[PDB]
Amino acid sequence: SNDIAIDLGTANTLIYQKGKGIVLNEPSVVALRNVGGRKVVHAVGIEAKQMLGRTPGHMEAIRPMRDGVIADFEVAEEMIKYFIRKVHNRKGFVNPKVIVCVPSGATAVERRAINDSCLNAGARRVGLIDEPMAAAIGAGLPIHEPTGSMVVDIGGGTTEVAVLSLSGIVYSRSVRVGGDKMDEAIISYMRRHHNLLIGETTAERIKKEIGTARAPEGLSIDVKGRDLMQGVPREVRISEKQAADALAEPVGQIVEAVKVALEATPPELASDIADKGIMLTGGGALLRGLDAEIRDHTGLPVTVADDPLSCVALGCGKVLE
């Protein structure tokens, strides 16, 4: 089958193929090379991501998604077309049905854009599923039962908090905080506290190697950047402790969103959640200590889903199947 489900992410795009499972997982990045005043797609995916902050004059690496939704519809369509062609079975001659996730707080305008974009990229039919519903399905929560389940999907562009019951949404919210904001927080910390300018690739490395939702000093790494006062290369050693300082603001927004969700939840469902806890999915769920930070501020158990990067795609795939 060429029918597919797409986790169209701010940072990463995953495709689940009907009958096969997850068949693609690539950064949501497009490189355009400017030849003859006109722009030509140079690369898509991991190769393009490797170019960020390192492009020469006639090249640019672009992320066409922002805050969980399509920003640059022309480039996003090229991206989607590329990914779909990549996984396409050449024995199939029928345009695919496509399920695509969308942030629960996405505007009417933003939802229309995802639909139009997938159609423009070849889909014969597009169905939208709410991200936190997909995430909860993918994480294996009992969303069809008469019981309250809470999921928190921390993506690249948004954090989706939802309470699900009986195959529906009891409460949902998209918060504009996620992997990108955390990277931006790290960039800002380095500039303000260490007079050092770093690029996104370095911030990503910091986040991944020593990033944490709470102080441990802990381990340290050495990072390079531009000394802001002298304009020359400079190296600084940064600890998990310092990474926690840097991430404090976005981590706090996530924790607050969870508490706001709990407050909004009816008593019987809220009690179900108190019993089984909160489920974390998405790239952000891998942030060391985030589960414990949420646990300590809410007093509720917190679990990280199996394969948290893949939960939304698995859930979309389940609905496709």
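Counting begins at 1, following the sequence as shown.
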property	result
Unmodelled deposited residues between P216 and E217, binned	1 to 3
Which of 238-246 and 78-86 has higher mean CA B factor, as the PDB entry lists it	238-246
Which of 159-167 and 122-130 has higher mean CA B factor, as the PDB entry lists it	122-130
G289, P27, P64, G68, ranked by C-alpha B-factor: the highest one	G289
Largest Cα B-factor, entry values, listed residues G19, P308, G9, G299	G19
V258 CA temperature factor, ranked by third within the chain	middle
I221 by Cα B-factor - lowest, middle or highest third of the modelled chain	highest
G92 - Cα temperature factor, lowest/middle/highest third of chain	lowest
Where the record places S149 (Cα B-factor, split into thirds across the chain)	lowest
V41, C-alpha B-factor rank within chain (lowest, middle or highest third)	highest
